[PDB]
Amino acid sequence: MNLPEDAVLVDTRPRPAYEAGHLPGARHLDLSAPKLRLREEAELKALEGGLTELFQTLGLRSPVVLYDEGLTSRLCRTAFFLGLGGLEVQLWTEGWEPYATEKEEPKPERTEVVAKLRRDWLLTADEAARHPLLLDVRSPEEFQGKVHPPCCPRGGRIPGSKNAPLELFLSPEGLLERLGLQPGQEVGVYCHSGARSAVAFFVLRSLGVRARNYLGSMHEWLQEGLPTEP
């Protein structure tokens, strides 16, 4: 994979791996942790402000190339946040390993970049609730409500959603056909906290589908007390 010019590199691997050797100048960043609640405008603005602070502290600016060992959920959720803040982002899942030679962690000088939310990339709970085609990218067992993470009240799915397990997105050739989608189609994707759906988001977008990620996902949906099946 070719790289864009003057990119800032972001390594989404666990810190131990980063410390063992990263690309020269690469910053360490893994945004798998923050679970978001986005109902009020103030909450969306809070996210945008938080991204501005993050972008400035890490000296981020377009274009940003994020890399990890394979197409991981931590890589895509992190790339999703950076792109959502308005940065031009690219994923790099293989081929960077020969260059992971630097041990010292860079100390960038605060850039003055300011995040600008790309609302078009996102689905809030209200938008997800009214979406005509929501794909739940969790496992069939999660979809059926047989299991659920301990941080949530019970098992369930957003009513009317269709199950399209993450795994399917790893075989892009003929995917839109197996899913019955086509370029330009509006598709929403969600899961527990938007990580696996961020993966489906990027895959679908690369195939021309207008995918939007319900970042709050099932965790937020349940905290809000919205209807669920079964």
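Don't overthink the numbering: it's just position in the shown sequence, from 1.
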{"property": "160-168 versus 65-73 - greater average Cα B-factor per the deposited record", "result": "160-168"}
{"property": "Stretch with the greater mean C-alpha B-factor as recorded in the entry, comparing 202-210 against 16-24", "result": "202-210"}
{"property": "Which of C151, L91, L122, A125 ranks first by CA B-factor in the deposited coordinates", "result": "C151"}
{"property": "CA B-factor placement of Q182, once the chain's modelled residues are sorted into thirds", "result": "highest"}
{"property": "Lowest, middle or highest third - CA B-factor, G83", "result": "middle"}
{"property": "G174 - Cα temperature factor, lowest/middle/highest third of chain", "result": "highest"}
{"property": "Third of chain Cα B-factors occupied by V147", "result": "highest"}
{"property": "Chain thirds of CA B-factor: placement of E104", "result": "highest"}
